[PDB]
Amino acid sequence: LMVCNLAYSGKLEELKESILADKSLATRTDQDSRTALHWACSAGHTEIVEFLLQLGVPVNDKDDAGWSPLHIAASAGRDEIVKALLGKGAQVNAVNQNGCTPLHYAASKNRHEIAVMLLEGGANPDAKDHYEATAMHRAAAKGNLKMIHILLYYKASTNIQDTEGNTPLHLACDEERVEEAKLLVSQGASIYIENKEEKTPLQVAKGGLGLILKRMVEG
Amino acid sequence: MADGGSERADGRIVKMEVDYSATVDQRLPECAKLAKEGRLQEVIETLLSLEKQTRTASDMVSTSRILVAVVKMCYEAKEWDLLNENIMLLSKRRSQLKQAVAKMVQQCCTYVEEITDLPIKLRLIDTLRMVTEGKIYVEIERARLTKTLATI
């Protein structure tokens, strides 16, 4: 639609005069079940979402797949848009297409402020997706150490079994992250849980890193 | 259907004889919704070939005896696509637009010899920016205004 270009390019007076001339344009969606809030959150505009959320657009408007705007602001890295969506009362544990939560995608961008805002509002630290994977599996899958640490500021678990039976320690050792493995082990990781491949975290680690893993377990 | 605007046209040309420009401001909401409605492609062509002659005929009456031309150039200069912003379905007509611009350059041709040196520079400096803002034309009037200005 035209409001997709208006909210995409950031036309201030064109969108203001367009909504003040026709209030239906705010509630109108395109063929992909995406309203102006999804385009203005995907673009990161503050004033446009302040006008749309000021008029009182439903914050829980999901698309065809189920992507809530809180995933767009969480993954977007825009702290102010998370302040606005959480200010309007967004669902901190909204279910998207693949059953994930905004914690996984805010963790993907390594945005600490968004994680504090979401987890402070009542987000589940151990929120599991369809594949039984939490934000620690993905943050550890890229190397977000401080994201896992601020996840541990909210008493998150470090032994979530993945769809293959892999704990966050398995993915930390698979990513060849030494400090992350030593920190997860030092903070309560289990080295005895095995996956579907029947491989312990010691065997998954190469270069004799399992000896210092279990060494730090006993030490 | 244009049968609703036809009575407003042939009745408006009879009722609009001596009234000032304020009645045209009263006609702005009467013609805004009249231009917004009428999704018919070939039927509303008469409505657009009559209403524009009503408003430009009122422009002729307003420009007949006394003319300040400031509010006149501000009306069209500030209101170009006001009726084209609410309509999401552009009817791709381009049938009365050539008669629109050709009639505007015809009235400006009747007002271009010697009337008043002040509004001609702002009207021409406006329409040469309308050349750039158009981007879609038969390239006849756009050259006409700039060559009849270049001759001056």
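Neighbour counts are summed over all protein chains in view; Cβ atoms, including those assigned to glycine, are modelled from backbone coordinates with ideal geometry. Please treat every number below as a calculation from the coordinates, not as lab data.
Before we move on, is B:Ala77 in contact (Cβ under 8 Å) with a residue 24 or more places away in the chain, at positive phi and away from chain A (no Cβ under 14 Å)?
no
Counting only residues that are in contact with a helix residue (DSSP H, G or I) (Cβ under 7 Å, 6 or more places away or on another chain) and crowded, with 22+ Cβ neighbours inside 10 Å, which one in the range A:60-75 is farthest from A:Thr35 (Cα to Cα)?
A:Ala74
For the range B:92-113, check the following and say yes or no: at least one residue is small (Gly, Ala, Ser), surrounded by 15 or more Cβ atoms within 10 Å (Cβ to Cβ), away from chain A (no Cβ under 14 Å) and outside any helix (DSSP H, G or I).
So far as the range B:92-113 goes, no, none of its residues is small (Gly, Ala, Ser), surrounded by 15 or more Cβ atoms within 10 Å (Cβ to Cβ), away from chain A (no Cβ under 14 Å) and outside any helix (DSSP H, G or I).
Every residue in the range A:42-84 that is assigned to a helix (DSSP H, G or I), closer than 27 Å to A:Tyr131 by Cα and not polar (S, T, N, Q), please.
Hits for the range A:42-84 are A:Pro69, A:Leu70, A:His71, A:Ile72, A:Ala73, A:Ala74, A:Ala76, A:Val82.
I'd like to verify a number: residues in the range A:1-53 that are charged (D, E, K, R), within 14 Å of A:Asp63 (Cβ to Cβ) and more than 14 Å from chain B (Cβ to nearest Cβ), how many?
Residues that pass the stated criteria total 2.
Please verify whether the range A:111-121 includes one or more residues that are of a type outside the set (D, E, K, R), in contact (Cβ under 8 Å) with a residue 12 or more places away in the chain and not in a helix (DSSP H, G or I).
Checked the range A:111-121: no residue is of a type outside the set (D, E, K, R), in contact (Cβ under 8 Å) with a residue 12 or more places away in the chain and not in a helix (DSSP H, G or I).
Tell me the residue from B:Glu45, B:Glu85 that is surrounded by 14 or more Cβ atoms within 10 Å (Cβ to Cβ) and under 30 Å from A:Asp30 (Cβ atoms), please.
Result: B:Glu85 is the single residue among B:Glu45, B:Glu85 that is surrounded by 14 or more Cβ atoms within 10 Å (Cβ to Cβ) and under 30 Å from A:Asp30 (Cβ atoms).
Count, please, the residues in the range A:3-24 that happen to be in contact (Cβ under 8 Å) with a residue 24 or more places away in the chain and surrounded by 14 or more Cβ atoms within 10 Å (Cβ to Cβ).
9
Does B:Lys72 meet the test of being under 16 Å from the mean Cα position of the chain (by Cα), of a type in the set (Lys, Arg), closer than 28 Å to B:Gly38 by Cβ and surrounded by 14 or more Cβ atoms within 10 Å (Cβ to Cβ)?
Answer is yes for this residue.
Of the numbered conditions (1) more than 13 Å from the chain's Cα centre (by Cα); (2) under 25 Å from B:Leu124 (Cα atoms); (3) of a type in the set (A, V, I, L, M, F, W, C), B:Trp80 satisfies every one except a single condition; which is it?
For B:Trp80, the exception is condition (1).
Going by what's in this entry, would B:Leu40 be described as in contact (Cβ under 8 Å) with a residue 24 or more places away in the chain, part of a loop (DSSP other than H, G, I, E, B), exposed (fewer than 11 other Cβ atoms within 10 Å of the Cβ) and over 14 Å from the mean Cα position of the chain (by Cα)?
no
Taking the condition at positive phi and among the polar types (S, T, N, Q), does A:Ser18 pass?
Here the answer is no, as A:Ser18 does not meet what is asked.
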